[PDB]
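Note: the block below is final.txt and it holds compact mmCIF, C-alpha atoms.
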```
# COMPACT_ATOMS: atom_id res chain seq x y z
CA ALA A 2 -14.23 -0.34 -5.34
CA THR A 3 -12.53 -0.24 -1.95
CA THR A 4 -12.77 2.15 1.01
CA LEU A 5 -9.55 2.89 2.89
CA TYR A 6 -9.53 4.30 6.42
CA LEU A 7 -6.10 5.85 7.10
CA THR A 8 -4.51 7.02 10.31
CA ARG A 9 -1.28 7.11 12.28
CA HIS A 10 -0.57 5.92 15.79
CA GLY A 11 -0.86 8.32 18.70
CA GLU A 12 1.65 9.84 21.11
CA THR A 13 4.68 7.80 22.17
CA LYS A 14 7.45 8.39 24.73
CA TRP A 15 9.94 9.55 22.10
CA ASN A 16 7.26 11.77 20.57
CA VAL A 17 6.95 13.84 23.74
CA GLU A 18 10.72 13.46 24.23
CA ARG A 19 11.05 14.91 20.73
CA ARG A 20 13.37 12.06 19.78
CA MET A 21 13.04 10.93 16.18
CA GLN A 22 11.86 7.33 15.76
CA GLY A 23 11.74 5.92 12.24
CA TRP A 24 12.50 2.18 12.52
CA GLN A 25 13.47 2.29 16.18
CA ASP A 26 10.39 2.09 18.41
CA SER A 27 8.99 3.31 21.73
CA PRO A 28 5.75 2.61 23.67
CA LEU A 29 2.60 4.69 23.44
CA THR A 30 1.96 7.25 26.15
CA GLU A 31 -1.15 7.19 28.29
CA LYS A 32 -2.50 9.88 25.99
CA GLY A 33 -1.64 7.80 22.95
CA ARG A 34 -3.79 4.96 24.31
CA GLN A 35 -6.76 7.22 25.03
CA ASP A 36 -6.60 8.60 21.51
CA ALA A 37 -6.61 5.08 20.10
CA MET A 38 -9.49 4.07 22.36
CA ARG A 39 -11.46 7.08 21.12
CA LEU A 40 -10.64 6.23 17.51
CA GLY A 41 -11.62 2.67 18.32
CA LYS A 42 -15.02 3.97 19.40
CA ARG A 43 -15.57 6.11 16.33
CA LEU A 44 -14.99 3.07 14.12
CA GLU A 45 -17.21 0.71 16.12
CA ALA A 46 -19.82 1.06 13.36
CA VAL A 47 -17.59 0.82 10.30
CA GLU A 48 -17.57 -2.75 8.95
CA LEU A 49 -13.82 -3.21 8.70
CA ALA A 50 -12.78 -6.31 6.80
CA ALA A 51 -9.21 -6.02 8.07
CA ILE A 52 -6.43 -3.89 9.51
CA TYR A 53 -2.96 -3.25 8.14
CA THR A 54 -0.14 -1.62 10.09
CA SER A 55 3.61 -1.48 10.06
CA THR A 56 5.76 -4.01 11.93
CA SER A 57 6.44 -1.26 14.48
CA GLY A 58 5.28 -1.91 18.02
CA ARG A 59 3.71 1.52 18.43
CA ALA A 60 1.56 0.91 15.35
CA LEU A 61 0.59 -2.63 16.37
CA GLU A 62 -0.49 -1.41 19.83
CA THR A 63 -2.70 1.26 18.32
CA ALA A 64 -4.25 -1.29 15.99
CA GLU A 65 -4.98 -3.75 18.81
CA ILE A 66 -6.53 -1.02 20.94
CA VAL A 67 -8.67 0.10 18.01
CA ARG A 68 -9.74 -3.43 17.08
CA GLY A 69 -10.59 -3.91 20.76
CA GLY A 70 -11.34 -7.61 20.57
CA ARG A 71 -13.47 -7.34 17.40
CA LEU A 72 -13.14 -10.31 15.07
CA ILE A 73 -10.76 -8.61 12.62
CA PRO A 74 -7.43 -9.80 11.26
CA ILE A 75 -4.44 -7.52 11.64
CA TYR A 76 -1.73 -7.76 9.01
CA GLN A 77 1.68 -6.17 9.30
CA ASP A 78 3.51 -4.94 6.21
CA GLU A 79 7.12 -3.75 6.24
CA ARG A 80 6.24 -1.30 3.46
CA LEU A 81 4.27 0.72 6.01
CA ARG A 82 7.19 1.36 8.36
CA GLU A 83 8.11 4.98 9.08
CA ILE A 84 10.90 6.53 7.05
CA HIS A 85 14.21 4.93 8.01
CA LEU A 86 16.08 7.83 9.59
CA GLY A 87 19.48 6.13 9.82
CA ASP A 88 21.83 7.89 12.24
CA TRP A 89 19.13 10.26 13.43
CA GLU A 90 17.10 7.73 15.30
CA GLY A 91 16.85 7.88 19.01
CA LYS A 92 18.34 11.37 18.91
CA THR A 93 16.65 14.67 19.75
CA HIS A 94 16.21 17.55 17.28
CA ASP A 95 18.76 19.74 19.07
CA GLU A 96 21.14 16.79 18.93
CA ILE A 97 20.57 16.42 15.20
CA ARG A 98 21.03 20.10 14.36
CA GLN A 99 24.47 19.61 15.91
CA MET A 100 25.31 16.91 13.37
CA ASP A 101 23.62 17.65 10.02
CA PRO A 102 22.18 21.21 10.23
CA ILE A 103 21.49 21.44 6.53
CA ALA A 104 20.03 17.97 6.01
CA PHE A 105 17.84 18.56 9.03
CA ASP A 106 16.67 21.87 7.58
CA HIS A 107 16.02 20.25 4.19
CA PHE A 108 14.05 17.47 5.88
CA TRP A 109 11.47 19.98 7.10
CA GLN A 110 11.95 22.81 4.57
CA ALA A 111 12.98 21.24 1.29
CA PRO A 112 12.06 17.52 1.53
CA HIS A 113 12.93 17.03 -2.14
CA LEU A 114 16.46 18.12 -1.31
CA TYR A 115 16.79 15.67 1.59
CA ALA A 116 19.54 13.24 0.67
CA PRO A 117 20.85 11.22 3.67
CA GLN A 118 23.89 8.95 3.35
CA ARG A 119 22.25 5.90 4.92
CA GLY A 120 18.72 6.86 5.89
CA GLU A 121 15.74 6.71 3.56
CA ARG A 122 14.67 9.45 1.12
CA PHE A 123 11.03 10.64 0.96
CA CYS A 124 10.42 9.18 -2.48
CA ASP A 125 11.68 5.81 -1.20
CA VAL A 126 8.93 5.93 1.40
CA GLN A 127 6.23 7.16 -0.94
CA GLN A 128 7.00 4.43 -3.45
CA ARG A 129 6.93 1.45 -1.07
CA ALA A 130 3.89 2.79 0.77
CA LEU A 131 2.10 3.07 -2.59
CA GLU A 132 2.86 -0.58 -3.28
CA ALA A 133 1.40 -1.53 0.08
CA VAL A 134 -1.73 0.46 -0.62
CA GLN A 135 -2.10 -1.10 -4.03
CA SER A 136 -1.61 -4.64 -2.79
CA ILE A 137 -4.10 -3.84 -0.08
CA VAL A 138 -6.83 -2.73 -2.49
CA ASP A 139 -5.96 -5.74 -4.66
CA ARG A 140 -6.81 -8.05 -1.76
CA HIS A 141 -9.95 -6.21 -0.69
CA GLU A 142 -12.18 -5.68 -3.68
CA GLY A 143 -15.55 -4.37 -2.54
CA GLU A 144 -14.46 -3.95 1.07
CA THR A 145 -13.51 -1.38 3.68
CA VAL A 146 -10.23 -1.57 5.60
CA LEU A 147 -8.13 0.37 8.12
CA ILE A 148 -4.48 1.31 7.75
CA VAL A 149 -2.46 2.38 10.79
CA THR A 150 0.84 3.88 9.78
CA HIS A 151 3.18 6.80 10.65
CA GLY A 152 3.48 10.58 10.12
CA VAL A 153 5.76 10.68 7.08
CA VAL A 154 4.24 7.68 5.29
CA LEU A 155 0.85 9.25 5.76
CA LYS A 156 2.12 12.52 4.32
CA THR A 157 3.78 11.03 1.22
CA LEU A 158 0.63 9.07 0.62
CA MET A 159 -1.60 12.11 0.85
CA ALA A 160 0.81 13.75 -1.58
CA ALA A 161 0.44 10.97 -4.15
CA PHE A 162 -3.36 11.06 -3.91
CA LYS A 163 -3.48 14.88 -4.07
CA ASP A 164 -0.94 14.76 -6.88
CA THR A 165 1.32 17.09 -4.89
CA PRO A 166 5.04 17.28 -5.66
CA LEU A 167 7.26 16.12 -2.81
CA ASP A 168 8.64 19.63 -2.31
CA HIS A 169 5.22 20.54 -0.88
CA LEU A 170 5.06 17.43 1.25
CA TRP A 171 4.70 19.24 4.58
CA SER A 172 1.84 21.42 3.34
CA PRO A 173 -1.35 21.43 5.45
CA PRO A 174 -3.49 19.97 6.76
CA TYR A 175 -1.51 18.68 9.74
CA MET A 176 -2.18 14.96 10.28
CA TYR A 177 -2.84 14.31 13.96
CA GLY A 178 -2.34 10.93 15.58
CA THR A 179 -5.45 8.74 15.23
CA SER A 180 -6.94 11.35 12.90
CA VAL A 181 -9.31 9.95 10.29
CA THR A 182 -8.73 10.16 6.57
CA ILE A 183 -10.90 8.24 4.13
CA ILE A 184 -9.85 7.33 0.61
CA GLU A 185 -12.40 5.94 -1.81
CA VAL A 186 -11.09 3.73 -4.59
CA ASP A 187 -13.39 3.60 -7.62
CA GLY A 188 -12.36 2.35 -11.05
CA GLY A 189 -8.78 2.25 -9.84
CA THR A 190 -8.60 5.93 -8.88
CA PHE A 191 -8.00 7.37 -5.42
CA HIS A 192 -10.46 9.99 -4.20
CA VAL A 193 -9.74 11.81 -0.98
CA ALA A 194 -13.18 11.78 0.65
CA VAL A 195 -12.14 12.97 4.13
CA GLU A 196 -8.79 14.29 5.29
CA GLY A 197 -7.29 14.49 8.78
CA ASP A 198 -10.65 14.66 10.56
CA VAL A 199 -10.05 14.91 14.30
CA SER A 200 -13.47 14.96 15.97
CA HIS A 201 -13.39 12.03 18.40
CA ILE A 202 -9.92 13.11 19.64
CA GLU A 203 -10.94 16.62 20.78
```

Would you give me this structure, written as structure tokens?
Amino acid sequence: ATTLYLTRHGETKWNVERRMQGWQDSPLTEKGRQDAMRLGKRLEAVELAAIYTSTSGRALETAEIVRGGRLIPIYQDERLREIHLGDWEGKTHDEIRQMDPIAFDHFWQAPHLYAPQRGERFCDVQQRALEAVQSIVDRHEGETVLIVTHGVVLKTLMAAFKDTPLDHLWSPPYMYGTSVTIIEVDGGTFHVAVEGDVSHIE
């Protein structure tokens, strides 16, 4: 019996610059900080036992803003990093379409067909993120915790919980930054209680 609050960091410079991030990082934008503040307010009542995020700076910032001085430990897990995009990182979409037009199309249109030479495949992400989630519920029996991660990780996770095949990874709902998704873990099973709720952000 564990309650998992899930979300992804807000807007970053590269986000608005439409540059792909992955393992490279970039600071939050003013808007990204406001979104986190607002999410931090919505969770002021939830009795969080802890917070897990990736080792990425943009995720850590969001977590610190959300914790806002509350006595809560923040743990960083590599298994929650965004998909490693290899050669695509730090490059814009237009720039990428110039290099690997097909792979780029598969990425968004046929995820299950995405097979980069050095980057990470979607199932690689889903698998390690699942481990993280499992180790997290293992360490928090009878507790509620928050997980701040990234777009893709969040999506592969939702897919595992919804039992959706990876080819339908990008299916709705869209997962906004700092959106709230709640997963209830009873008897070892994952129940999607709330998905992508974006009130507070409005």

**Message:** Can you pull out the residues contacting region 14-29 of chain A? Cut-off 6 Å, using all atoms listed in the file, and skip same-chain residues under 5 positions away; I want them as a list in words.
**Reply:** residues 59, 83, 84, 85, 86, 90, 91, 92 and 93 of chain A

Please produce a file of those selected residues containing C-alpha atoms, as a short mmCIF file (atom, residue, chain, number, x, y, z; two decimals), in the coordinates of the input.
```cif
data_model
loop_
_atom_site.label_atom_id
_atom_site.label_comp_id
_atom_site.auth_asym_id
_atom_site.auth_seq_id
_atom_site.Cartn_x
_atom_site.Cartn_y
_atom_site.Cartn_z
CA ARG A 59 3.71 1.52 18.43
CA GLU A 83 8.11 4.98 9.08
CA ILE A 84 10.90 6.53 7.05
CA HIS A 85 14.21 4.93 8.01
CA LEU A 86 16.08 7.83 9.59
CA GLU A 90 17.10 7.73 15.30
CA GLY A 91 16.85 7.88 19.01
CA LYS A 92 18.34 11.37 18.91
CA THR A 93 16.65 14.67 19.75
#
```

**Item:** Closest of A:190, A:157, A:172, A:200 to residue 135 (chain A) - atom-to-atom distances counting all atoms listed in the file
**Value:** A:190

**Prompt:** So how far away is CA of residue 197 (chain A) from CA of residue 54 (chain A), in Å?
**Reply:** 17.7 Å

**Prompt:** Within 12 Å of region 164-167 of chain A, counting all atoms listed in the file, which residues qualify if same-chain residues fewer than 2 places away don't, as a ChimeraX atom specification?
**Reply:** /A:107-115,122-128,153,156-162,169-173,190-193

**Asked** Got a sec: who's within 7 Å of region 60-69 of chain A, counting only C-alpha atoms, leaving out chain neighbours fewer than 5 positions off, as a VMD selection string?
**Response** chain A and resid 10 37 to 38 40 to 41 54 to 55 149 to 150

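Minimum atom-to-atom distances from A:181, A:186, A:81, A:7 to residue 139 (chain A) were compared using all atoms listed in the file, and the lowest value belongs to A:186.
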
**Item:** Counting all atoms listed in the file, the residue of A:94, A:80, A:71, A:201 that sits nearest residue 136 (chain A)
**Value:** A:80

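Interatomic distance, CA of residue 152 (chain A) to CA of residue 175 (chain A): 9.5 Å.
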
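Nearest residue to residue 155 (chain A), choosing from A:168, A:48, A:79, A:196 and counting all atoms listed in the file: A:196.
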
**Request:** For CA of residue 182 (chain A) and CA of residue 6 (chain A), determine how far apart the two atoms are, in Å to one decimal place.
**Result:** 5.9 Å

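For the set A:53, A:4, A:99, A:183, the residue with the smallest atom-to-atom gap to residue 195 (chain A) is A:183, counting only C-alpha atoms.
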
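The nearest approach to residue 140 (chain A) among the residues A:31, A:42, A:50, A:202, with only C-alpha atoms taken into account, belongs to A:50.
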
Take region 172-183 of chain A, model N, CA and C atoms, and hand the result over as a short mmCIF file (atom, residue, chain, number, x, y, z; two decimals), in the frame of the given file.
```cif
data_model
loop_
_atom_site.label_atom_id
_atom_site.label_comp_id
_atom_site.auth_asym_id
_atom_site.auth_seq_id
_atom_site.Cartn_x
_atom_site.Cartn_y
_atom_site.Cartn_z
N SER A 172 2.93 20.45 3.44
CA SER A 172 1.84 21.42 3.34
C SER A 172 0.65 20.92 4.15
N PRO A 173 -0.18 21.84 4.66
CA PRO A 173 -1.35 21.43 5.45
C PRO A 173 -2.30 20.55 4.64
N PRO A 174 -3.26 19.90 5.31
CA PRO A 174 -3.49 19.97 6.76
C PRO A 174 -2.55 19.10 7.58
N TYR A 175 -2.36 19.47 8.84
CA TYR A 175 -1.51 18.68 9.74
C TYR A 175 -2.27 17.37 9.97
N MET A 176 -1.55 16.26 10.07
CA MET A 176 -2.18 14.96 10.28
C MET A 176 -1.97 14.47 11.71
N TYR A 177 -2.95 14.72 12.57
CA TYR A 177 -2.84 14.31 13.96
C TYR A 177 -2.86 12.79 14.15
N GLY A 178 -2.33 12.35 15.28
CA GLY A 178 -2.34 10.93 15.58
C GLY A 178 -3.79 10.49 15.71
N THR A 179 -4.10 9.31 15.20
CA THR A 179 -5.45 8.74 15.23
C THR A 179 -6.46 9.59 14.47
N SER A 180 -6.00 10.55 13.67
CA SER A 180 -6.94 11.35 12.90
C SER A 180 -7.51 10.43 11.83
N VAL A 181 -8.68 10.77 11.30
CA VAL A 181 -9.31 9.95 10.29
C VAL A 181 -9.29 10.52 8.89
N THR A 182 -8.73 9.76 7.97
CA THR A 182 -8.73 10.16 6.57
C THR A 182 -9.33 8.99 5.81
N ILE A 183 -10.24 9.28 4.90
CA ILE A 183 -10.90 8.24 4.13
C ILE A 183 -10.64 8.37 2.64
#
```
